[PDB]
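What follows is a pair of forms of the same protein chain, given separately as structure tokens and numbered structure 1 and structure 2.
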Structure 1
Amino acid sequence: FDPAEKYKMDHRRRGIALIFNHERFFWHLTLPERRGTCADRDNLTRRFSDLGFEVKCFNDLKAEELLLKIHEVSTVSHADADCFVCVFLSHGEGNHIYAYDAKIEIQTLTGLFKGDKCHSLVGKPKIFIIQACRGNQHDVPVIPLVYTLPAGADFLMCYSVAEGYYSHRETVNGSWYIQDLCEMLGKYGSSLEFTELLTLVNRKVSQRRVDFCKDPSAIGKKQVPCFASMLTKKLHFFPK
């Protein structure tokens, strides 16, 4: 048993990174536009391309179209890839994100990549990154005083905020979480272990606060990101 075991990241390709980027919504959902989201999209495109990913973006897809595209990707072979990345930039609440016209439960999307459904990603990291609100709590500031594999294995779910909370987006620079994620990818993505790097992102995002707001009650409010690992090995993105 090797405590230092790393995923094999020596396939011919790093893999695909999908970015679903949602700026506007069907009028009847009564959801506000998400200015700054195309900055996140572009930022991520640069950072993941630099790590060797083949980045593919889709803008304001309807739910049916979104589902079709993710199904397609889950069905093409990833045999010669190291991993798979899928990013959602949108509104959300509870356990769902919004496509242009309707909510989608996040588990609907991830289930398509479980090992029985996507054999060519078995044993490979399947990384989902979600910039979206997750409920209606606004976090307050405080100060200190044969070995087979499970079909559910090797996912990493990277959320911009902990369960139940609002997440924040600057109208020009992009979301707090994506800005800080991209800064850390830029500096450390090609060297640090990926969950180590996500932890740094947690610290960066937790230092930010709502500095100004039309609602004075929301001034100084906060956000902590949250990642869930079902990974079984250390994950690095050393230059290929």
Structure 2
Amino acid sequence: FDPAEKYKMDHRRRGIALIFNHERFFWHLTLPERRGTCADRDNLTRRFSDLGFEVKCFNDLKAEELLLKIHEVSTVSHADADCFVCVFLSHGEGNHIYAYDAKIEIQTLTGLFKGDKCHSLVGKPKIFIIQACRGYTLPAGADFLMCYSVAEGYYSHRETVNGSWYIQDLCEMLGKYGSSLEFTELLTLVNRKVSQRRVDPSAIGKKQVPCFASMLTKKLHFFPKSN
């Protein structure tokens, strides 16, 4: 038995990074919100591409080719891939319908990738990064890693023109440390950075604390892919 066992990350491809933007049922689209969202998406696209991932982005605005894209990752073979990432982006304060729709969408997404339904990821890291939204975040399975921008209590800073604290901080760590540090050590750095930030704003003293929940059974590294 080996305390330093890590996932085999020597497949032909890194795998897919699905970036899912939750937009339907949102209509307060102020400019900070719209500009922050695309920034977060762009920032994540670059960081994950640089880690070898094949990035696919889509949103839920059109309720017909969403299922397409959905079904479409459902049936994709991951035989030749190291792992799978899914990022769920949403806007900070939403109405109850927008928030309730997120919960169903996350429950659906995670359900698709359970060992029970995706044999080609059995034994491989299934990583979900969830930007939670305020108006059922209980998902799992072996080798899942669930990252949350904020824990169930809590306070999250609003979107800005440059994106959200959690996404910016995550991407900063990915770019600087992604290809070298163990992934959960990296997410721990993200806990610290985010929770250290602060808001003329009108609620001070407040902190956003991110959380990650690991059912991983080995260490996880994203060393540069090939030799």
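Just so we're on the same page, residue numbers count up from 1 along structure 1's sequence. Superpose the two forms; the largest set of C-alphas matching within 1.5 Å is the rigid core.
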To test your reading of the superposition: with the rigid core aligned, which of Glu54, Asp50, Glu33, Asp42 moves its Cα by 2 angstroms or more between structure 1 and structure 2?
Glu33
Hey, does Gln107 budge by 2 Å or more at the Cα between structure 1 and structure 2 once the core is superposed?
yes
Core-aligned, does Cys86 move its Cα 2 Å or more between structure 1 and structure 2?
no
Per-residue C-alpha change between structure 1 and structure 2, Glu196, threshold 2 Å, rigid core fit:
no
Core-superposed CA shift of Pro125 between structure 1 and structure 2, in Å, is 0.2
When only the core is superposed, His96 shows a C-alpha shift between structure 1 and structure 2 in angstrom of 10.3
Here the CA of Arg24, compared between structure 1 and structure 2 on the core, is shifted in angstrom by 6.0
